[PDB]
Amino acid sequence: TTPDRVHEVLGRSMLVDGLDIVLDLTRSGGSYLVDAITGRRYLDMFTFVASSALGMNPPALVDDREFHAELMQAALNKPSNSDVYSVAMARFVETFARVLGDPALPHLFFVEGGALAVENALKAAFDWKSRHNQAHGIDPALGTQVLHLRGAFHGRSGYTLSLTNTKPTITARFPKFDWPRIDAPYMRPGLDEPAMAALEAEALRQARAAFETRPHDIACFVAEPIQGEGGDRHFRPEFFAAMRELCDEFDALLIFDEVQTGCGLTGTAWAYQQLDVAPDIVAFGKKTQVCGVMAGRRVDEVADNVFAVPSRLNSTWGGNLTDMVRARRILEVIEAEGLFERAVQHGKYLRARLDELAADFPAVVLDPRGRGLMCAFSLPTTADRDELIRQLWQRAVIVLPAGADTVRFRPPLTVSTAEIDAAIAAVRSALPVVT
């Protein structure tokens, strides 16, 4: 079948609501997607929903003939890594630990899919709480609830549907656990230190109330360090530091969902490293290709936890071996080329341009914000936001919406300042048209 027949062929079997283009797998590269139908190049600030660290066909991978052989060996088959170990697997695991590891979180577990990474973090917590309860004369049937935020997105699986609360479309008509949900005290424009502190105190009150009215039954608090799908909502470190203390007071684990923030986007391996809060468990995915959890801190206080006892966590494959081999090469590039530091510097650049945009269009470009390359701004109404996205598409720039009124930038870690300038130039061209 031919590029111009792709949408037709797929439309016989599936709902085809994606992009108008057909991806050219060979000619795409770096910060550009190529439409196989026209040959038009599209500037990529979307990166497969932030799941591509280096963009398409990175030179370091494409030109590495030794790596080609290793990738081909992995790609021909699909072993169950749960049961059957390989050198390819071990090299990925040791490089993951070296580049992204945290000495407090030594337990690694891999799985296909970001929602399942979050679920395995939850399962670790439910088990830990029940066993901790038991060891202290509390009923082991207690420890089954998850404290979480309004505006959270943690995935579309059985447990994470009880947590995710962004668009009603995602969760409607699906059975859910009644788990406690608190307000998200995110930073907003024109709130001073004491105004922020008061917003945080209210969420903290709600959190405490949940712990006190469901005694011994809350296993964990889970959060995104920056809420992505909910609208690039950033939180002060003070808020998470307070939650860290409150979790310890009630013997509950703190879990960060770094599926979107992780692997260098904010300028450090993990966003939590910049907030100075130590989680007990971190769920990761997207840019890591293989998904999973890192666990430690208080997890180790329960000797028969899910990382110590066989068959408590599992899947058939234990992650995709091809993804492991690709991720390990990507991690080596990140380490070798200092890409976390590049994210810091280019992230400062992108943010400075967004501040400039806000200065030039004060009633239109609202709340420019970001940490590293994870940047966004908002529009007055959702109609303006939707129109801006259409205008950018017409100009061959791909960006994603978030929430009711946000436009988010998700460039690759390898983005150049000229590429950022081109994205900003397109936004400047489009804005007078939307107003």
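Each residue number is its position in the shown sequence, starting from 1.
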Fill in the blank from the handout: Higher of the two mean Cα B-factors (60-68, 36-44; per PDB record) comes from 60-68
Fill in the blank from the handout: Avg C-alpha B-factor, entry values, 191-199 vs 295-303, higher side is 191-199
Problem - Identity of residue with top Cα B-factor, from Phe110, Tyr186, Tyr159, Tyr85 - result: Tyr186
Practice task
Among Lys123, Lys167, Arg98, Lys286, single out the one with the highest C-alpha B factor in the record, please.
Solution key: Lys167
Practice task
Check where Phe235 lands among this chain's C-alpha B-factors and tell me if it's the lowest, middle or highest third.
Solution key: middle
Fill in the blank from the handout: Quick tally, chain-level thirds of C-alpha B-factors: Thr316 sits in the lowest
Completion exercise
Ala50: CA B-factor among chain residues, third -> lowest
Exercise for the section: Would you mind ranking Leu275 by its C-alpha B-factor against the rest of the chain and naming the third, lowest, middle or highest? Expected result: highest
Practice task
Name the third of the chain's ranked CA B-factors that contains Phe211, choosing lowest, middle or highest.
Solution key: highest
